[PDB]
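So the structure is just underneath, and the comments pick up after that.
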Amino acid sequence: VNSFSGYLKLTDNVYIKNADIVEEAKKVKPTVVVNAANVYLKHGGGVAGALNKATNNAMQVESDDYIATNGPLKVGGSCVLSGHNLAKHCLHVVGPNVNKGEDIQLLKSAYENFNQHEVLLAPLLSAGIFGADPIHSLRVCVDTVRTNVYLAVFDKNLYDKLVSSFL
Ligand SMILES: O=C(Nc1nccs1)c1ccccc1
């Protein structure tokens with residue numbers, strides 16, 4: 001049993017809810033919250049900007065030190081950093097950004113990072129300002145992630161379309 005409430009069950013291991021991932025993280029304090037990161041861990045907008053704002057910029061300060069030591073992530077890659085006030089850990093995952101011309105086949109590689117964690121609160125990778133089709137992102141998620149993933153979808157209209165169209 002876990003703390004996640006109000007989710008619709010899509011599969012054995014994937015759950016979905018219309019929710020603000022920031023507000024959900026603050027309520028649940030999950031072991032792992034996933035960030036929709038870029039390779040520079042520059043948390044300007046979208047899910048990343050919202051998560052970072054909720055940490056009062058502490059996520060960005062920690063991220064800048066990580067990049068200064070390690071250099072940029074790979075598209076499709078990830079790193080584990082603090083969850084600050086939102087979670088124990090933040091898994092920063094880089095999905096391909098269609099608005100930069102990145103290979104959408106890298107979306108499966110991105111979701112494979114989730115399999116290193118038994119339970120996660122996450123957004124749909126490469127959705128929103130990363131430009132991918134969220135219906136496609138949900139299909140890759142279901143077909144790639146084997147661990148237990150609780151997906152937060154900010155937009156109510158999109159949430160209803162994802163559920164209604166789910167095969
Ligand atoms: O945003 C999209 N679909 C949405 N439906 C409801 C709210 S947003 C999208 C983005 C890229 C390619 C195809 C579709």
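Identifiers in the structure tokens: chain A, B, ... in order shown; residue index from 1 per chain; ligand index from 1 in order shown.
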Q: Determine which residues of stretch 2-165 of chain A DSSP labels as helix (DSSP H, G or I) from the backbone of this structure, then write them out as a PyMOL selection string.
A: chain A and resi 21-28+46-54+58-70+98-100+106-116+128-130+134-144+156-164
I need the residues from that last selection saved to file as a PDB file, in the first residue's frame (with C-alpha atoms), if you can.
```pdb
ATOM      1  CA  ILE A  21       2.898  17.688  -9.756  1.00  0.00           C
ATOM      2  CA  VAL A  22       4.169  20.432  -7.398  1.00  0.00           C
ATOM      3  CA  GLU A  23       1.018  20.192  -5.181  1.00  0.00           C
ATOM      4  CA  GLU A  24       1.062  16.397  -5.417  1.00  0.00           C
ATOM      5  CA  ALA A  25       4.736  16.209  -4.347  1.00  0.00           C
ATOM      6  CA  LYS A  26       4.099  18.614  -1.439  1.00  0.00           C
ATOM      7  CA  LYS A  27       1.187  16.384  -0.223  1.00  0.00           C
ATOM      8  CA  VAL A  28       2.706  12.879  -0.736  1.00  0.00           C
ATOM      9  CA  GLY A  46       7.372  23.898 -17.754  1.00  0.00           C
ATOM     10  CA  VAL A  47       7.458  21.252 -15.035  1.00  0.00           C
ATOM     11  CA  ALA A  48      11.137  22.044 -14.237  1.00  0.00           C
ATOM     12  CA  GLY A  49      10.506  25.748 -13.705  1.00  0.00           C
ATOM     13  CA  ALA A  50       7.547  24.950 -11.458  1.00  0.00           C
ATOM     14  CA  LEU A  51       9.427  22.341  -9.369  1.00  0.00           C
ATOM     15  CA  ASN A  52      12.431  24.633  -9.018  1.00  0.00           C
ATOM     16  CA  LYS A  53      10.229  27.629  -7.989  1.00  0.00           C
ATOM     17  CA  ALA A  54       8.616  25.430  -5.290  1.00  0.00           C
ATOM     18  CA  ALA A  58      17.513  25.443  -4.173  1.00  0.00           C
ATOM     19  CA  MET A  59      17.046  22.862  -6.985  1.00  0.00           C
ATOM     20  CA  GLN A  60      18.798  25.248  -9.443  1.00  0.00           C
ATOM     21  CA  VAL A  61      21.670  25.971  -7.020  1.00  0.00           C
ATOM     22  CA  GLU A  62      22.263  22.224  -6.499  1.00  0.00           C
ATOM     23  CA  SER A  63      21.944  21.595 -10.262  1.00  0.00           C
ATOM     24  CA  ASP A  64      24.494  24.267 -11.161  1.00  0.00           C
ATOM     25  CA  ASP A  65      27.058  22.623  -8.856  1.00  0.00           C
ATOM     26  CA  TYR A  66      26.223  19.181 -10.448  1.00  0.00           C
ATOM     27  CA  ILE A  67      26.843  20.542 -13.975  1.00  0.00           C
ATOM     28  CA  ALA A  68      30.021  22.388 -12.962  1.00  0.00           C
ATOM     29  CA  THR A  69      31.405  19.031 -11.688  1.00  0.00           C
ATOM     30  CA  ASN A  70      29.991  16.518 -14.218  1.00  0.00           C
ATOM     31  CA  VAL A  98      10.953  18.134 -30.414  1.00  0.00           C
ATOM     32  CA  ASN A  99      11.242  22.016 -30.477  1.00  0.00           C
ATOM     33  CA  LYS A 100      15.117  21.412 -30.631  1.00  0.00           C
ATOM     34  CA  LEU A 106      15.143   8.650 -27.348  1.00  0.00           C
ATOM     35  CA  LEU A 107      11.854   8.852 -25.392  1.00  0.00           C
ATOM     36  CA  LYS A 108      12.019   5.096 -24.658  1.00  0.00           C
ATOM     37  CA  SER A 109      15.609   5.473 -23.337  1.00  0.00           C
ATOM     38  CA  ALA A 110      14.391   8.374 -21.125  1.00  0.00           C
ATOM     39  CA  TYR A 111      11.603   6.261 -19.591  1.00  0.00           C
ATOM     40  CA  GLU A 112      14.025   3.349 -18.968  1.00  0.00           C
ATOM     41  CA  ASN A 113      15.567   5.486 -16.175  1.00  0.00           C
ATOM     42  CA  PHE A 114      12.325   5.055 -14.199  1.00  0.00           C
ATOM     43  CA  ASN A 115      12.998   1.281 -13.916  1.00  0.00           C
ATOM     44  CA  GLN A 116      15.851   2.017 -11.432  1.00  0.00           C
ATOM     45  CA  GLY A 128       4.225  20.233 -22.720  1.00  0.00           C
ATOM     46  CA  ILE A 129       6.937  22.630 -23.895  1.00  0.00           C
ATOM     47  CA  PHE A 130       9.139  19.666 -25.039  1.00  0.00           C
ATOM     48  CA  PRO A 134       1.399  13.328 -24.893  1.00  0.00           C
ATOM     49  CA  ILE A 135      -0.681  10.350 -26.151  1.00  0.00           C
ATOM     50  CA  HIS A 136       2.540   8.914 -27.600  1.00  0.00           C
ATOM     51  CA  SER A 137       4.436   9.679 -24.369  1.00  0.00           C
ATOM     52  CA  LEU A 138       1.849   7.752 -22.324  1.00  0.00           C
ATOM     53  CA  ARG A 139       2.059   4.753 -24.705  1.00  0.00           C
ATOM     54  CA  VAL A 140       5.895   4.668 -24.420  1.00  0.00           C
ATOM     55  CA  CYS A 141       5.600   4.988 -20.636  1.00  0.00           C
ATOM     56  CA  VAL A 142       3.223   2.007 -20.378  1.00  0.00           C
ATOM     57  CA  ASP A 143       5.330  -0.089 -22.762  1.00  0.00           C
ATOM     58  CA  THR A 144       8.703   0.773 -21.073  1.00  0.00           C
ATOM     59  CA  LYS A 156      -7.684  18.668 -17.247  1.00  0.00           C
ATOM     60  CA  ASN A 157      -8.569  18.717 -20.939  1.00  0.00           C
ATOM     61  CA  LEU A 158      -5.448  16.662 -21.784  1.00  0.00           C
ATOM     62  CA  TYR A 159      -6.027  14.279 -18.844  1.00  0.00           C
ATOM     63  CA  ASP A 160      -9.528  13.454 -20.146  1.00  0.00           C
ATOM     64  CA  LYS A 161      -8.202  12.941 -23.682  1.00  0.00           C
ATOM     65  CA  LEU A 162      -5.366  10.628 -22.425  1.00  0.00           C
ATOM     66  CA  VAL A 163      -7.845   8.450 -20.480  1.00  0.00           C
ATOM     67  CA  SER A 164     -10.545   8.355 -23.202  1.00  0.00           C
TER      68      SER A 164
END
```
Output as an mmCIF file with N, CA and C atoms, in the first residue's frame all residues of stretch 36-134 of chain A that backbone DSSP marks as strand (DSSP E or B).
```cif
data_model
loop_
_atom_site.group_PDB
_atom_site.id
_atom_site.type_symbol
_atom_site.label_atom_id
_atom_site.label_comp_id
_atom_site.auth_asym_id
_atom_site.auth_seq_id
_atom_site.Cartn_x
_atom_site.Cartn_y
_atom_site.Cartn_z
ATOM 1 N N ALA A 36 11.152 16.935 -15.487
ATOM 2 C CA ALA A 36 11.291 17.082 -16.949
ATOM 3 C C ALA A 36 12.464 18.004 -17.241
ATOM 4 N N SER A 78 19.726 10.688 -17.204
ATOM 5 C CA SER A 78 19.171 11.150 -15.931
ATOM 6 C C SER A 78 20.257 11.320 -14.888
ATOM 7 N N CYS A 79 19.919 11.996 -13.825
ATOM 8 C CA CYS A 79 20.727 11.976 -12.587
ATOM 9 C C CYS A 79 19.798 12.072 -11.417
ATOM 10 N N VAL A 80 20.233 11.543 -10.295
ATOM 11 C CA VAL A 80 19.510 11.620 -9.020
ATOM 12 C C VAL A 80 20.079 12.740 -8.183
ATOM 13 N N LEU A 81 19.277 13.699 -7.787
ATOM 14 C CA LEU A 81 19.676 14.799 -6.883
ATOM 15 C C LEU A 81 18.672 14.875 -5.745
ATOM 16 N N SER A 82 18.842 15.842 -4.886
ATOM 17 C CA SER A 82 17.912 16.010 -3.773
ATOM 18 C C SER A 82 16.504 16.300 -4.250
ATOM 19 N N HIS A 89 14.127 12.325 -3.103
ATOM 20 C CA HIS A 89 15.023 12.455 -4.259
ATOM 21 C C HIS A 89 14.252 13.062 -5.417
ATOM 22 N N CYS A 90 14.994 13.757 -6.291
ATOM 23 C CA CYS A 90 14.487 14.144 -7.625
ATOM 24 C C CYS A 90 15.284 13.410 -8.683
ATOM 25 N N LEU A 91 14.597 12.641 -9.505
ATOM 26 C CA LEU A 91 15.212 12.025 -10.685
ATOM 27 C C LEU A 91 15.029 12.980 -11.840
ATOM 28 N N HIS A 92 16.094 13.648 -12.245
ATOM 29 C CA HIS A 92 16.066 14.582 -13.390
ATOM 30 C C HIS A 92 16.236 13.776 -14.666
ATOM 31 N N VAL A 93 15.216 13.688 -15.493
ATOM 32 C CA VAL A 93 15.229 12.858 -16.702
ATOM 33 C C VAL A 93 15.101 13.769 -17.907
ATOM 34 N N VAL A 119 9.102 3.040 -7.055
ATOM 35 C CA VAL A 119 7.890 3.897 -7.097
ATOM 36 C C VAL A 119 8.296 5.325 -7.456
ATOM 37 N N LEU A 120 7.550 5.972 -8.328
ATOM 38 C CA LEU A 120 7.867 7.370 -8.732
ATOM 39 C C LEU A 120 6.597 8.156 -8.948
ATOM 40 N N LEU A 121 6.646 9.431 -8.640
ATOM 41 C CA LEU A 121 5.684 10.456 -9.095
ATOM 42 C C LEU A 121 6.300 11.153 -10.284
ATOM 43 N N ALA A 122 5.627 11.255 -11.404
ATOM 44 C CA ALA A 122 6.270 11.746 -12.650
ATOM 45 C C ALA A 122 5.293 12.496 -13.517
#
```
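In this structure, atom CA of residue A:152 sits 13.2 Å away from atom CA of residue A:32.
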Q. Between A:131, A:72, A:77, A:6, which has the minimum distance to residue A:39 (counting only C-alpha atoms)?
A.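 Once distances to residue A:39 are computed over only C-alpha atoms, the minimum belongs to A:72.
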Q: Using only C-alpha atoms, determine which residues lie at most 9 Å from residue A:104, disregarding the query and same-chain residues fewer than 6 positions distant; provide the list as a ChimeraX atom specification.
A: /A:95-98,126,132
Q) In Å, with one decimal, what is the gap from atom CA of residue A:55 to atom CA of residue A:37? A) 15.1 Å
**Q.** Nearest candidate to ligand 1 (options A:20, A:155, A:133, A:102; using only C-alpha atoms and all ligand atoms)
**A.**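 Checking each candidate against ligand 1, we get A:133 as the closest.
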